[PDB]
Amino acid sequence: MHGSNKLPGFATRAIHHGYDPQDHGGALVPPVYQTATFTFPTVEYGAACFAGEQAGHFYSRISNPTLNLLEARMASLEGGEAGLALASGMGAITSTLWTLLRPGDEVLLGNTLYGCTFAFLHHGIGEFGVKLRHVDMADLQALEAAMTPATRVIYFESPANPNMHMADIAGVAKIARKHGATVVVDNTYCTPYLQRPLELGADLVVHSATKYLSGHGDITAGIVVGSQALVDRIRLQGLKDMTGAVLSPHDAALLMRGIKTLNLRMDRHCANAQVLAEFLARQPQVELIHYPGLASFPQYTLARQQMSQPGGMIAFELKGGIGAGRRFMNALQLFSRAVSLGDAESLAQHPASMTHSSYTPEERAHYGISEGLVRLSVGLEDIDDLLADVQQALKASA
């Protein structure tokens, strides 16, 4: 029965914020409102909480009670005014963009983006009259120059794959402020616990709660956090009309549960990541590592200004090419070969031989897809087991 008072700690808010059992029969854990619609005592009441002149419910695709908790709790974590829960990370971004953008508008994106966010942009909204421009969100000079009066939205992820490149959120925020552009940042990798873009200036944050937020890989979910005005626009339009990405109260309840241990889990993802990154840094097979924890990381100072810890994500270039990458991934025994991250279990991936095994060294390299770059999502397993696993894979990657 806290979170919402003066200023309870992060971990106290990710557990209590927004809920007092005294308001729900005393149920310690909040009841799950797994219902599609709600009823009214009078046609007059219905009308009231239909026109917004009243606080109530009537249909879950619009707003649900258990969903309103996750949302309220998530907003408090990112330090925003309000949040909206959705069916998936793509439901969050597509819902945001579909209502913020219109034909003739221009949107500036980071030089790199999450595959489906790229496809959506260049083959989805991008083919419905909206303008796209990929700029270096770390290059403020270039950002300012790329700005036009048609610029409505600035969208990027920080950090961004594959080299965990970082952006200057507070600087971008400033430019967009002068020009009147809305800043949207994908904060799946850090979570509200490791980085809070809204405080650095960004206007809205989108998450793929499917990853770190759920932390157990058993639900697909997305989240949006920003001003009431903005989230309200996105709730009444993007999600309801243009997208139907409605989140199941059950999954929302599952999300809210995985969040009750967000700080602990993140603490552990980073810890295992730090020692693994440094262990990777002494092997002659690894010729380059992309991890914010190492001081040799190009944007070390910028990373440590925005991020609380270097995150539990690392990537490196195996000296040996695509063949070594294949051998390295085929030899892994604890690290699972799959796509995704933020799971308790350790995941690893070699895009050059997996998601891009079709292309050519010439084309894959064109997309900035290194030939021997493998990426791992360090889980909550015992480092010893982890170090041992990649240790043998390396001996096999040769």
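Just count from 1 along the sequence shown to find any residue number.
When the other compared entries with both flanking residues are checked, residue 54 is unmodelled in at least a third. Among the other PDB entries of this protein that were compared and that flank it with modelled residues, residue 308 is left unmodelled in a third or more. Judged by mean Cα B factor in the deposited record, 353-361 ranks above the other of 61-69 and 353-361. Per-stretch averaging of Cα B factors for 260-268 and 170-178 places 170-178 on top. For the set 124, 162, 249, 215, the PDB entry puts the maximum C-alpha B factor at 162. Highest C-alpha temperature factor among 113, 185, 77, 85 per the entry: 113. Annotation for residue 21: C-alpha temperature factor in the middle third relative to the rest of the modelled chain, per the entry.
Among the modelled residues of its chain, residue 321 has a C-alpha B-factor that falls in the highest third according to the deposited record.
Looking at the C-alpha B-factors along this chain, the one for residue 155 belongs to the middle third. Remark: residue 291 belongs to the lowest third of its chain, ranked by C-alpha B-factor as recorded.
Looking at the C-alpha B-factors along this chain, the one for residue 211 belongs to the lowest third.
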